[PDB]
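Scroll down for the structure; my scribbles are underneath it.
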Amino acid sequence: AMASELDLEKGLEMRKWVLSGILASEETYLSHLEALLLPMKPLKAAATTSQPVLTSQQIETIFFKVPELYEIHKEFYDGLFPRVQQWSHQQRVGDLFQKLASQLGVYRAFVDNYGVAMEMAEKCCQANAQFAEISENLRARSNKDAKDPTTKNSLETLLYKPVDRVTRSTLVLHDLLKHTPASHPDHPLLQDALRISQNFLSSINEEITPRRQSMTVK
């Protein structure tokens, strides 16, 4: 048995609302993220055919996990879809979140070479037209660089877009936890994944924006 349909619906609705917020943000994000791995596949082969625009060493440091991060998120998300209309018969959700926390070490490996990646990327744009064009056509929202004393956006900014959202995705674990009863083991599980996910970004707080107003000077 379980509770009546009229009682469980209150929980189904609310849970669906929060989970759907992730499927919704990830769906649209994943679609745009795929546009990056799309040319990456043939470019990986290009590293061993004729003479490509950039060397594999210059590609691999930037694209270190670009396609992996797409699959890691879509596996979680695409498997969430059927599950919203098929809440398990006598089980809860948490292992899907645990998987994201499990592989968090790769997110650090990328940050461990963030500077090195931008250092090559900035040079790659001036050094090659095909890298310059994609770096100009940078798929993004409106900017405040067409009238300001600043200049165009660099590779650092494009990599920082997903990173900012990933720092905010820890809040969903904190929100979910609040609604979950403490008496159930589901509470400390959500708490545990939140501990490592928050500490990871907090340990690089000054790395990913040292101060609120930091821009280059002449």
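So you can find residues: chains in the structure tokens are A, B, ... in the order shown, residues in each start at 1, and ligands are numbered from 1 in order.
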_Please list as a ChimeraX atom specification every residue within 10 Å of residue 60 of chain A, counting only C-alpha atoms and excluding residues in the same chain fewer than 5 positions away._
/A:40,44,55,65-66,117
*asked:* If we count only C-alpha atoms and set the cut-off at 9 Å, which residues sit around residue 171 of chain A, ignoring sequence neighbours fewer than 4 positions away in its own chain? Please answer as number ranges by chain.
replied: A: 167, 175-176, 194, 198
_Can you tell me which residues surround residue 57 of chain A at a distance of at most 10 Å, considering only C-alpha atoms, apart from same-chain residues fewer than 3 positions away, and format the answer as an MDAnalysis selection string?_
chainID A and resid 47 54 60:62 120
Selected residues written out with C-alpha atoms, as a tab-separated table (two decimals), in the first residue's frame:
```tsv
chain	number	residue	atom	x	y	z
A	47	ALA	CA	44.47	16.31	-35.17
A	54	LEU	CA	44.86	24.30	-34.06
A	60	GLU	CA	42.03	19.30	-25.45
A	61	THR	CA	42.77	21.82	-22.66
A	62	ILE	CA	39.65	23.93	-23.53
A	120	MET	CA	45.82	29.48	-25.44
```
*Which residues come within 12 Å of residue 168 of chain A, counting only C-alpha atoms, excluding same-chain residues fewer than 2 positions away, as a count of residues only?*
19
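Of the listed residues (A:70, A:85, A:101, A:92), A:70 comes nearest to residue 28 of chain A; the distances count only C-alpha atoms.
Atom CA of residue 126 of chain A is positioned 18.1 Å from atom CA of residue 150 of chain A.
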*Å distance separating atom CA of residue 24 of chain A from atom CA of residue 74 of chain A, one decimal place*: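 A separation of 11.5 Å between them.
Remark: for residue 186 of chain A, the closest of the candidate residues A:93, A:18, A:129, A:33 is A:93 (distances computed over only C-alpha atoms).
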_All residues 12 Å or closer to residue 14 of chain A, only C-alpha atoms, same chain fewer than 3 positions away omitted, as an NGL selection string_ = :A and (8-11 or 17-21 or 84 or 175-176 or 179-180)
*So how many Å separate atom CA of residue 52 of chain A and atom CA of residue 130 of chain A, to one decimal?*
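So the two atoms, atom CA of residue 52 of chain A and atom CA of residue 130 of chain A, lie 10.2 Å apart.
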